[PDB]
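Listing of final_20.cif; format and content: mmCIF, C-alpha atoms and all ligand atoms.
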```cif
data_final
loop_
_atom_site.group_PDB
_atom_site.id
_atom_site.type_symbol
_atom_site.label_atom_id
_atom_site.label_comp_id
_atom_site.auth_asym_id
_atom_site.auth_seq_id
_atom_site.Cartn_x
_atom_site.Cartn_y
_atom_site.Cartn_z
ATOM 1 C CA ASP B 448 46.737 95.045 113.110
ATOM 2 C CA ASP B 449 48.959 92.166 111.938
ATOM 3 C CA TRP B 450 49.077 90.946 108.327
ATOM 4 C CA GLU B 451 52.035 88.575 108.206
ATOM 5 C CA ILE B 452 51.414 85.385 106.253
ATOM 6 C CA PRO B 453 53.418 82.434 107.692
ATOM 7 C CA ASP B 454 55.765 80.559 105.377
ATOM 8 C CA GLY B 455 54.378 77.712 103.280
ATOM 9 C CA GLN B 456 50.808 79.028 103.187
ATOM 10 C CA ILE B 457 51.196 80.621 99.752
ATOM 11 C CA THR B 458 51.536 78.355 96.731
ATOM 12 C CA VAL B 459 53.829 80.165 94.302
ATOM 13 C CA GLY B 460 52.353 79.489 90.877
ATOM 14 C CA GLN B 461 53.480 80.816 87.523
ATOM 15 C CA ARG B 462 56.089 83.576 87.151
ATOM 16 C CA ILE B 463 54.777 86.806 85.652
ATOM 17 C CA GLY B 464 57.417 89.550 85.464
ATOM 18 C CA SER B 465 60.907 90.154 86.828
ATOM 19 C CA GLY B 466 62.803 93.405 87.343
ATOM 20 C CA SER B 467 65.711 94.880 89.302
ATOM 21 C CA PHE B 468 63.456 95.354 92.346
ATOM 22 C CA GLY B 469 61.322 92.233 92.594
ATOM 23 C CA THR B 470 59.871 89.210 90.814
ATOM 24 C CA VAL B 471 56.091 88.695 90.584
ATOM 25 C CA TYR B 472 54.247 85.364 90.643
ATOM 26 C CA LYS B 473 50.607 84.340 90.404
ATOM 27 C CA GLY B 474 49.698 82.308 93.487
ATOM 28 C CA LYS B 475 47.221 80.511 95.697
ATOM 29 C CA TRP B 476 46.310 81.922 99.119
ATOM 30 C CA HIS B 477 42.615 81.643 100.076
ATOM 31 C CA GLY B 478 41.966 82.099 96.352
ATOM 32 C CA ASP B 479 44.128 83.623 93.626
ATOM 33 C CA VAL B 480 46.767 86.165 94.647
ATOM 34 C CA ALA B 481 49.702 88.108 93.248
ATOM 35 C CA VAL B 482 53.060 87.650 94.976
ATOM 36 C CA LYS B 483 55.946 90.105 94.584
ATOM 37 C CA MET B 484 59.197 89.046 96.200
ATOM 38 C CA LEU B 485 61.942 91.584 96.622
ATOM 39 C CA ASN B 486 65.004 89.343 97.091
ATOM 40 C CA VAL B 487 66.429 85.905 96.332
ATOM 41 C CA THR B 488 69.307 85.575 98.842
ATOM 42 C CA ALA B 489 70.706 88.290 101.121
ATOM 43 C CA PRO B 490 68.159 90.946 102.163
ATOM 44 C CA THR B 491 69.948 94.333 102.017
ATOM 45 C CA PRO B 492 69.361 96.905 104.777
ATOM 46 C CA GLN B 493 68.087 99.080 101.870
ATOM 47 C CA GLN B 494 65.831 96.266 100.614
ATOM 48 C CA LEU B 495 64.593 95.613 104.155
ATOM 49 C CA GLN B 496 63.835 99.314 104.623
ATOM 50 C CA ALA B 497 62.103 99.639 101.234
ATOM 51 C CA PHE B 498 60.121 96.494 102.043
ATOM 52 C CA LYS B 499 58.845 98.148 105.218
ATOM 53 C CA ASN B 500 58.117 101.395 103.352
ATOM 54 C CA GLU B 501 56.069 99.690 100.614
ATOM 55 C CA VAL B 502 54.035 97.510 102.990
ATOM 56 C CA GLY B 503 53.539 100.539 105.274
ATOM 57 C CA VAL B 504 52.213 102.676 102.415
ATOM 58 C CA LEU B 505 50.061 99.866 100.988
ATOM 59 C CA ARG B 506 48.290 99.094 104.279
ATOM 60 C CA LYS B 507 47.079 102.722 104.524
ATOM 61 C CA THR B 508 44.849 101.984 101.536
ATOM 62 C CA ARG B 509 41.329 100.539 101.457
ATOM 63 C CA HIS B 510 39.615 101.615 98.221
ATOM 64 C CA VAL B 511 38.085 99.750 95.239
ATOM 65 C CA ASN B 512 40.212 101.726 92.770
ATOM 66 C CA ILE B 513 43.508 100.868 94.497
ATOM 67 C CA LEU B 514 45.158 97.427 94.340
ATOM 68 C CA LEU B 515 44.090 95.421 97.372
ATOM 69 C CA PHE B 516 46.971 94.657 99.717
ATOM 70 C CA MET B 517 46.384 91.314 101.443
ATOM 71 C CA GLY B 518 49.549 90.457 103.346
ATOM 72 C CA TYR B 519 53.318 90.289 103.538
ATOM 73 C CA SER B 520 55.896 87.571 104.175
ATOM 74 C CA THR B 521 59.464 87.777 105.524
ATOM 75 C CA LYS B 522 60.444 84.091 105.699
ATOM 76 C CA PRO B 523 61.935 82.714 103.449
ATOM 77 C CA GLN B 524 62.197 85.919 101.388
ATOM 78 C CA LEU B 525 60.698 89.404 101.590
ATOM 79 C CA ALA B 526 57.321 89.234 99.829
ATOM 80 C CA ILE B 527 54.166 91.327 99.372
ATOM 81 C CA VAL B 528 50.846 89.640 98.615
ATOM 82 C CA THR B 529 48.032 91.464 96.852
ATOM 83 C CA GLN B 530 44.807 90.547 95.057
ATOM 84 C CA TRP B 531 45.204 88.909 91.663
ATOM 85 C CA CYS B 532 44.212 91.132 88.748
ATOM 86 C CA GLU B 533 42.334 89.581 85.869
ATOM 87 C CA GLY B 534 42.755 91.434 82.548
ATOM 88 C CA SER B 535 45.238 93.975 81.152
ATOM 89 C CA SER B 536 46.775 97.319 82.089
ATOM 90 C CA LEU B 537 45.441 100.445 80.371
ATOM 91 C CA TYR B 538 48.799 100.812 78.586
ATOM 92 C CA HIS B 539 48.409 97.314 77.192
ATOM 93 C CA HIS B 540 44.848 97.926 75.994
ATOM 94 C CA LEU B 541 45.542 101.225 74.241
ATOM 95 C CA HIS B 542 49.009 100.795 72.810
ATOM 96 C CA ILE B 543 49.448 97.081 72.134
ATOM 97 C CA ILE B 544 46.051 95.591 71.305
ATOM 98 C CA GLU B 545 44.310 98.919 70.541
ATOM 99 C CA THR B 546 40.991 98.062 72.175
ATOM 100 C CA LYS B 547 38.664 100.667 70.707
ATOM 101 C CA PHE B 548 36.815 101.876 73.793
ATOM 102 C CA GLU B 549 33.770 104.075 73.510
ATOM 103 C CA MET B 550 33.763 107.614 74.878
ATOM 104 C CA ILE B 551 31.419 106.661 77.729
ATOM 105 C CA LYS B 552 33.852 103.916 78.763
ATOM 106 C CA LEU B 553 37.014 106.046 78.284
ATOM 107 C CA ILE B 554 35.590 108.847 80.458
ATOM 108 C CA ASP B 555 34.626 106.206 83.028
ATOM 109 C CA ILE B 556 38.186 104.842 83.097
ATOM 110 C CA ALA B 557 39.403 108.420 83.601
ATOM 111 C CA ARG B 558 36.788 108.826 86.343
ATOM 112 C CA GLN B 559 37.791 105.711 88.266
ATOM 113 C CA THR B 560 41.453 106.684 88.040
ATOM 114 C CA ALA B 561 40.703 110.169 89.374
ATOM 115 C CA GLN B 562 38.592 108.497 92.073
ATOM 116 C CA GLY B 563 41.559 106.446 93.278
ATOM 117 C CA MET B 564 44.115 109.210 92.895
ATOM 118 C CA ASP B 565 41.777 111.384 94.953
ATOM 119 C CA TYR B 566 41.858 108.727 97.674
ATOM 120 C CA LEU B 567 45.657 108.331 97.601
ATOM 121 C CA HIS B 568 46.228 112.064 97.870
ATOM 122 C CA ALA B 569 43.598 112.329 100.588
ATOM 123 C CA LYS B 570 45.566 109.641 102.424
ATOM 124 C CA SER B 571 48.754 111.768 102.138
ATOM 125 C CA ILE B 572 50.183 109.444 99.477
ATOM 126 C CA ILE B 573 52.033 110.626 96.385
ATOM 127 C CA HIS B 574 52.179 107.972 93.657
ATOM 128 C CA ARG B 575 55.352 109.278 91.932
ATOM 129 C CA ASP B 576 54.907 106.992 88.887
ATOM 130 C CA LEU B 577 51.389 107.189 87.511
ATOM 131 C CA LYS B 578 50.994 105.936 83.957
ATOM 132 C CA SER B 579 48.611 103.823 81.899
ATOM 133 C CA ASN B 580 50.822 100.860 82.888
ATOM 134 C CA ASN B 581 49.842 101.223 86.546
ATOM 135 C CA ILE B 582 46.177 101.562 85.615
ATOM 136 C CA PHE B 583 44.888 98.001 85.643
ATOM 137 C CA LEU B 584 41.532 97.386 83.963
ATOM 138 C CA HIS B 585 40.513 94.603 86.347
ATOM 139 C CA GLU B 586 37.715 92.514 84.863
ATOM 140 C CA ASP B 587 37.671 95.247 82.167
ATOM 141 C CA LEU B 588 35.213 97.081 84.465
ATOM 142 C CA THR B 589 37.076 98.336 87.541
ATOM 143 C CA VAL B 590 40.264 100.392 87.474
ATOM 144 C CA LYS B 591 42.853 99.329 90.029
ATOM 145 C CA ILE B 592 45.724 101.746 90.587
ATOM 146 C CA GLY B 593 48.961 100.211 91.822
ATOM 147 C CA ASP B 594 52.669 100.398 91.156
ATOM 148 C CA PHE B 595 53.437 97.366 89.005
ATOM 149 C CA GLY B 596 56.860 98.809 88.196
ATOM 150 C CA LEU B 597 59.830 96.571 88.907
ATOM 151 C CA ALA B 598 62.653 98.872 87.738
ATOM 152 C CA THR B 599 62.260 101.483 90.514
ATOM 153 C CA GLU B 600 62.933 100.988 94.260
ATOM 154 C CA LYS B 601 59.525 101.726 95.854
ATOM 155 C CA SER B 602 60.847 103.527 98.974
ATOM 156 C CA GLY B 615 62.034 106.083 84.658
ATOM 157 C CA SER B 616 58.890 106.478 82.541
ATOM 158 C CA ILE B 617 59.656 109.866 81.063
ATOM 159 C CA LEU B 618 56.465 110.733 79.160
ATOM 160 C CA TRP B 619 54.352 111.078 82.290
ATOM 161 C CA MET B 620 56.897 113.287 84.111
ATOM 162 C CA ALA B 621 56.107 116.929 84.854
ATOM 163 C CA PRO B 622 58.603 119.612 83.671
ATOM 164 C CA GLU B 623 59.714 120.465 87.257
ATOM 165 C CA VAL B 624 60.293 116.759 87.894
ATOM 166 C CA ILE B 625 62.031 116.331 84.515
ATOM 167 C CA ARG B 626 64.183 119.370 85.367
ATOM 168 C CA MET B 627 65.917 119.414 88.741
ATOM 169 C CA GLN B 628 64.628 121.275 91.764
ATOM 170 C CA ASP B 629 66.734 120.620 94.899
ATOM 171 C CA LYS B 630 65.436 117.397 96.546
ATOM 172 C CA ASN B 631 61.657 116.962 96.208
ATOM 173 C CA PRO B 632 59.987 117.972 92.917
ATOM 174 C CA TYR B 633 57.219 115.463 93.709
ATOM 175 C CA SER B 634 53.833 116.820 94.719
ATOM 176 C CA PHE B 635 50.140 116.199 94.188
ATOM 177 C CA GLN B 636 50.479 118.261 90.993
ATOM 178 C CA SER B 637 53.363 116.115 89.763
ATOM 179 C CA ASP B 638 50.854 113.257 90.001
ATOM 180 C CA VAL B 639 48.215 115.444 88.333
ATOM 181 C CA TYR B 640 50.404 116.083 85.272
ATOM 182 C CA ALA B 641 50.874 112.319 84.925
ATOM 183 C CA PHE B 642 47.080 112.030 85.027
ATOM 184 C CA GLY B 643 46.942 114.678 82.289
ATOM 185 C CA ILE B 644 49.134 112.534 80.039
ATOM 186 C CA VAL B 645 46.876 109.580 80.957
ATOM 187 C CA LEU B 646 43.853 111.613 79.838
ATOM 188 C CA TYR B 647 45.766 112.434 76.656
ATOM 189 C CA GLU B 648 46.321 108.675 76.235
ATOM 190 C CA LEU B 649 42.595 107.968 76.479
ATOM 191 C CA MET B 650 41.640 110.782 74.089
ATOM 192 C CA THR B 651 44.309 110.263 71.437
ATOM 193 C CA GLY B 652 44.779 106.521 71.969
ATOM 194 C CA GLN B 653 48.442 107.416 71.551
ATOM 195 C CA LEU B 654 51.614 108.136 73.505
ATOM 196 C CA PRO B 655 52.865 111.737 73.556
ATOM 197 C CA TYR B 656 55.742 112.730 71.261
ATOM 198 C CA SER B 657 55.412 109.547 69.178
ATOM 199 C CA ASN B 658 57.132 111.417 66.306
ATOM 200 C CA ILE B 659 60.338 112.082 68.254
ATOM 201 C CA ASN B 660 62.677 109.089 68.444
ATOM 202 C CA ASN B 661 65.204 110.616 70.845
ATOM 203 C CA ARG B 662 64.817 110.282 74.610
ATOM 204 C CA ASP B 663 67.371 112.872 75.755
ATOM 205 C CA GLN B 664 65.792 115.556 73.574
ATOM 206 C CA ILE B 665 62.304 114.848 74.958
ATOM 207 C CA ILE B 666 63.614 115.047 78.525
ATOM 208 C CA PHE B 667 65.418 118.305 77.732
ATOM 209 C CA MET B 668 62.487 119.938 75.898
ATOM 210 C CA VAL B 669 59.677 119.005 78.298
ATOM 211 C CA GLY B 670 61.866 120.489 81.058
ATOM 212 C CA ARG B 671 62.381 123.786 79.233
ATOM 213 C CA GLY B 672 58.776 123.771 78.016
ATOM 214 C CA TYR B 673 59.775 123.721 74.351
ATOM 215 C CA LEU B 674 57.728 120.554 73.878
ATOM 216 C CA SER B 675 54.228 119.703 75.125
ATOM 217 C CA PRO B 676 51.519 117.153 74.292
ATOM 218 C CA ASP B 677 49.939 118.075 70.960
ATOM 219 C CA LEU B 678 46.398 118.524 72.304
ATOM 220 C CA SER B 679 44.903 118.997 68.836
ATOM 221 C CA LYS B 680 45.182 115.217 68.464
ATOM 222 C CA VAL B 681 42.137 114.338 70.600
ATOM 223 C CA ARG B 682 39.466 112.070 69.073
ATOM 224 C CA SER B 683 36.780 114.331 67.571
ATOM 225 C CA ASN B 684 33.977 112.685 69.591
ATOM 226 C CA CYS B 685 35.767 113.760 72.807
ATOM 227 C CA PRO B 686 33.903 116.386 74.917
ATOM 228 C CA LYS B 687 35.251 119.954 74.836
ATOM 229 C CA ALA B 688 35.079 120.134 78.640
ATOM 230 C CA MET B 689 37.452 117.132 78.775
ATOM 231 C CA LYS B 690 39.964 118.725 76.414
ATOM 232 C CA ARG B 691 39.867 121.834 78.622
ATOM 233 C CA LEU B 692 40.375 119.823 81.821
ATOM 234 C CA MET B 693 43.230 117.971 80.126
ATOM 235 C CA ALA B 694 45.016 121.266 79.410
ATOM 236 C CA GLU B 695 44.537 122.363 83.045
ATOM 237 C CA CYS B 696 46.228 119.180 84.275
ATOM 238 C CA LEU B 697 49.103 119.599 81.812
ATOM 239 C CA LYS B 698 50.000 123.224 82.631
ATOM 240 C CA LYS B 699 53.788 123.689 82.615
ATOM 241 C CA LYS B 700 53.695 125.832 85.751
ATOM 242 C CA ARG B 701 53.180 123.489 88.710
ATOM 243 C CA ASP B 702 50.928 125.713 90.864
ATOM 244 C CA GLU B 703 48.516 126.331 87.951
ATOM 245 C CA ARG B 704 47.266 122.704 87.971
ATOM 246 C CA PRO B 705 43.997 121.551 89.613
ATOM 247 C CA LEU B 706 44.031 119.165 92.591
ATOM 248 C CA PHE B 707 42.101 115.888 92.591
ATOM 249 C CA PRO B 708 38.902 116.826 94.455
ATOM 250 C CA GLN B 709 38.486 119.466 91.720
ATOM 251 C CA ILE B 710 39.485 117.148 88.851
ATOM 252 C CA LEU B 711 37.093 114.469 90.076
ATOM 253 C CA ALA B 712 34.246 116.986 90.350
ATOM 254 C CA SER B 713 34.917 118.208 86.812
ATOM 255 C CA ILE B 714 34.935 114.725 85.238
ATOM 256 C CA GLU B 715 31.678 113.766 86.951
ATOM 257 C CA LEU B 716 30.010 116.864 85.471
ATOM 258 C CA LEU B 717 30.627 115.926 81.817
ATOM 259 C CA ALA B 718 29.913 112.249 82.531
ATOM 260 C CA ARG B 719 26.290 112.927 83.560
ATOM 261 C CA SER B 720 25.242 114.863 80.437
ATOM 262 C CA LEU B 721 26.162 112.468 77.609
HETATM 263 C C1 LIG B 801 52.373 91.670 93.947
HETATM 264 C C2 LIG B 801 52.537 93.174 94.177
HETATM 265 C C3 LIG B 801 52.737 93.621 95.501
HETATM 266 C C4 LIG B 801 52.891 94.999 95.763
HETATM 267 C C5 LIG B 801 52.854 95.931 94.703
HETATM 268 N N1 LIG B 801 53.005 97.306 95.023
HETATM 269 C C6 LIG B 801 52.270 98.393 94.635
HETATM 270 O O1 LIG B 801 51.304 98.331 93.870
HETATM 271 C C7 LIG B 801 52.696 99.717 95.195
HETATM 272 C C8 LIG B 801 54.027 99.929 95.622
HETATM 273 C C9 LIG B 801 54.408 101.182 96.154
HETATM 274 C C10 LIG B 801 53.458 102.223 96.256
HETATM 275 C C11 LIG B 801 52.122 102.015 95.836
HETATM 276 C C12 LIG B 801 51.064 103.129 95.934
HETATM 277 C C13 LIG B 801 50.136 102.943 97.146
HETATM 278 C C14 LIG B 801 51.674 104.544 95.993
HETATM 279 C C15 LIG B 801 50.206 103.054 94.739
HETATM 280 N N2 LIG B 801 49.532 102.996 93.796
HETATM 281 C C16 LIG B 801 51.748 100.757 95.305
HETATM 282 C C17 LIG B 801 52.652 95.486 93.376
HETATM 283 C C18 LIG B 801 52.497 94.106 93.107
HETATM 284 N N3 LIG B 801 52.301 93.700 91.832
HETATM 285 C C19 LIG B 801 51.247 93.123 91.208
HETATM 286 C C20 LIG B 801 50.002 93.028 91.870
HETATM 287 C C21 LIG B 801 48.889 92.425 91.245
HETATM 288 C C22 LIG B 801 49.019 91.906 89.939
HETATM 289 N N4 LIG B 801 47.915 91.304 89.309
HETATM 290 C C23 LIG B 801 48.057 90.834 88.100
HETATM 291 N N5 LIG B 801 49.225 90.878 87.374
HETATM 292 C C24 LIG B 801 49.237 90.309 86.018
HETATM 293 C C25 LIG B 801 50.375 91.439 87.879
HETATM 294 O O2 LIG B 801 51.446 91.500 87.264
HETATM 295 C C26 LIG B 801 50.262 91.999 89.272
HETATM 296 C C27 LIG B 801 51.376 92.603 89.902
#
```
Could I get this file's structure written as structure tokens?
Amino acid sequence: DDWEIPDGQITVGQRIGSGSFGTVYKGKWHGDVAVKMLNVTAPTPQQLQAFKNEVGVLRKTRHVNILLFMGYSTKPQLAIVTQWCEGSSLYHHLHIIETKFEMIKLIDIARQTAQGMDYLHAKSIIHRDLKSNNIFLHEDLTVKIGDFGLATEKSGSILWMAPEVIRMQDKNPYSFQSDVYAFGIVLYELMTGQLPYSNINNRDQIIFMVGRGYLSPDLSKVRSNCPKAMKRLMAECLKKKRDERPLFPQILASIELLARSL
């Protein structure tokens, strides 16, 4: 396969967001597209390697619930082209404009996320930065999971981090279950319409306490109309001890059960 888009083909439209590791533009390329470019002048050996990593990971994915990769560009600057996403991220909906979703819809959002996560994990891919920000409600109807983060070098958002990741275990604390915990927080987000630890205004303390398990999401905050099976699944995903968490085939199965009888 070869997915390189020759220079000049893409019409770089309006700037969206900029970060340490790339600037995003809306664009034209056989229809609307999103264009993330990872440098302005000198491409660093690191940048060039992380460009290859990101493309490489992205092109392993073909699933409705994951952002559609469409192509990459090297001349004149290292760029990754994906589908354009119409709408808002889940973080934006819940925490900025407070869209009041119904339970049916919330559970469905959770379902579609679990559906995509399932895929990623199945494809030997660990997300490493799941959060309602990287859950895009495309067309308000279909969840697209990507990594829209610009601060990190795709080769931190602390609330979604698992204790063993927030602590420090040798080199690789990241696992499927590290992703699962993040999903747990995301479930918490749907069910409380709120961020965890909203009543603590100190970052360091949160980091420290989550790590030592002195702090945990206050689960008694769930919307009353939320199913009890959901609350229970949420707690499973949020278990402090890493190996006690369910994997995604199991999570998915569980969500689909409570979805059908409602
Ligand atoms: C243009 C682009 C290219 C590549 C990536 N990269 C990833 O999503 C990614 C990078 C590394 C790893 C992964 C995995 C596969 C692990 C996931 N998920 C995904 C993001 C983007 N950003 C991007 C893509 C589409 C967009 N639609 C609408 N709006 C308004 C946006 O701001 C926007 C931003």
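Considering the residues B:457, B:597, B:681, B:617 and counting only C-alpha atoms and all ligand atoms, ligand LIG 801 (chain B) has its shortest atom-to-atom contact with B:597.
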Write out as an mmCIF file with C-alpha atoms, in the frame of the given file which residues come within 9 Å of residue 458 in chain B when counting all atoms listed in the file, dropping same-chain ones fewer than 4 positions away.
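See around_29.cif below for the written result:
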```cif
data_model
loop_
_atom_site.group_PDB
_atom_site.id
_atom_site.type_symbol
_atom_site.label_atom_id
_atom_site.label_comp_id
_atom_site.auth_asym_id
_atom_site.auth_seq_id
_atom_site.Cartn_x
_atom_site.Cartn_y
_atom_site.Cartn_z
ATOM 1 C CA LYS B 473 50.607 84.340 90.404
ATOM 2 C CA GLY B 474 49.698 82.308 93.487
ATOM 3 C CA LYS B 475 47.221 80.511 95.697
ATOM 4 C CA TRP B 476 46.310 81.922 99.119
#
```
List as a PyMOL selection string the protein and nucleic acid residues lying within 6 Å of ligand LIG 801 (chain B), with all atoms listed in the file counted. chain B and resi 463+471+481-483+501+504-505+527-532+574+592-595+601
For residue 690 in chain B, please output as an MDAnalysis selection string all residues within 9 Å (counting all atoms listed in the file; exclusion window: fewer than 5 positions along the same chain). chainID B and resid 646:647 650 678 681 685 695
Going by the chain IDs and residue numbers used in this file, which residues fall under the PyMOL selection byres (((chain B and resi 635) around 7) and not hetatm)? Write them as a ChimeraX atom specification. /B:568,573,634,636-639,706
Output C-alpha atoms for every residue in the selection just made, as a PDB file, in the coordinates of the input.
```
ATOM      1  CA  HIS B 568      46.228 112.064  97.870  1.00  0.00           C
ATOM      2  CA  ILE B 573      52.033 110.626  96.385  1.00  0.00           C
ATOM      3  CA  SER B 634      53.833 116.820  94.719  1.00  0.00           C
ATOM      4  CA  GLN B 636      50.479 118.261  90.993  1.00  0.00           C
ATOM      5  CA  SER B 637      53.363 116.115  89.763  1.00  0.00           C
ATOM      6  CA  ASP B 638      50.854 113.257  90.001  1.00  0.00           C
ATOM      7  CA  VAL B 639      48.215 115.444  88.333  1.00  0.00           C
ATOM      8  CA  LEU B 706      44.031 119.165  92.591  1.00  0.00           C
TER       9      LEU B 706
END
```
Picked residues, the PyMOL selection byres (((chain B and resi 653) around 10) and not hetatm), as a PyMOL selection string: chain B and resi 538+541-542+545+644-645+647-652+654-657+680-681
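Atom pair CA of residue 619 in chain B / CA of residue 694 in chain B has a distance of 14.1 Å (rounded to one decimal).
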